[PDB]
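**Student:** so I've got this experimental structure, pasted below with the sequence.
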Amino acid sequence: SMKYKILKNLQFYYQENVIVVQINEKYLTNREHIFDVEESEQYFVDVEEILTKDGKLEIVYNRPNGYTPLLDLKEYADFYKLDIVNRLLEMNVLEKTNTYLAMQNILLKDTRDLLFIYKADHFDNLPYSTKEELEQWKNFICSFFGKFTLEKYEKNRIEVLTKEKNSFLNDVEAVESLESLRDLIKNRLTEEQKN
């Protein structure tokens with residue numbers, strides 16, 4: 001059980017009753033809208049309090065019972081992880097949220113029951129991924145199934161994949177749209193469900 005993990009300029013602390021995301025205020029030029037993250041959103045845990053501590057912002061989130069950091073499940077079998085990806089695609093949080101699609105930012109209760117932790121405001125105060133949605137999905141899937149970190153795929157996905165020789169990830173890389181990604185994942189999941 002990993003209790004601490006860096007995601008870009010965020011530090012995540014996975015505690016007993018809460019998650020804490022810490023961001024040094026030196027990374028936050030504008031802060032007028034930081035408290036906007038208290039707004040509830042389906043599939044996101046609730047913010048309990050927003051504090052600062054010696055120049056660092058602390059966002060404290062409720063941690064509901066029975067939710068495990070997805071980081072802790074990276075060594076589960078591919079057929080288990082495929083089910084998770086299929087469910088994440090159904091949740092479709094990137095369409096209406098400024099967030100990070102990353103293992104650090106996702107909690108799992110079961111393969112069909114997942115929650116996100118951190119999201120940003122809509123006034124560019126807090127950081128998030130501005131990448132094309134399909135790119136975020138490809139990089140996330142590579143980080144969840146592959147040998148390298150999210151940041152390695154974000155920098156040059158095709159270069160890393162050419163030598164990685166992961167046939168599933170090569171198929172993920174080739175899709176042209178979000179709908180085709182959903183079809184690929186669903187088809188692979190259907191194959192795992194039969195024998």
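**Tutor:** Okay, I see it. Numbers count the residues shown, from 1 in each chain.

**Student:** can you give me the helices in this structure?
**Tutor:** Under the criterion DSSP state H, the chain contains helices at 78-91, 133-145, 150-164, 167-174, 178-192.

**Student:** of these, which stretch is the most buried?
**Tutor:** Mean neighbours per residue, mean count of other CB atoms under 10 Å, is largest over these for helix 133-145, with a mean of 20. (C-beta placed from N, C-alpha, C; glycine too.)

**Student:** tell me the buried residues in stretch 111-129?
**Tutor:** By 16 or more other CB atoms under 10 Å, the buried positions in stretch 111-129 come out as 111, 114-121, 125-129.

**Student:** wait, which of these is closest to residue 17?
**Tutor:** residue 117 (14.0 Å; CB to CB).

**Student:** contacting residues for that closest one?
**Tutor:** 12, 19, 21, 44, 45, 61, 104, 105, 106, 107 (CB atoms under 8 Å, 6 or more residues apart in numbering).

**Student:** out of the helices of the chain, flag the one nearest residue 50.
**Tutor:** Here helix 78-91 is closest among those (CB to CB), at 24.7 Å.

**Student:** what packs against that closest one?
**Tutor:** strand 113-116, helix 133-145, helix 178-192 (3 or more CB pairs under 8 Å, 6 or more residues apart in numbering; DSSP states H and E).
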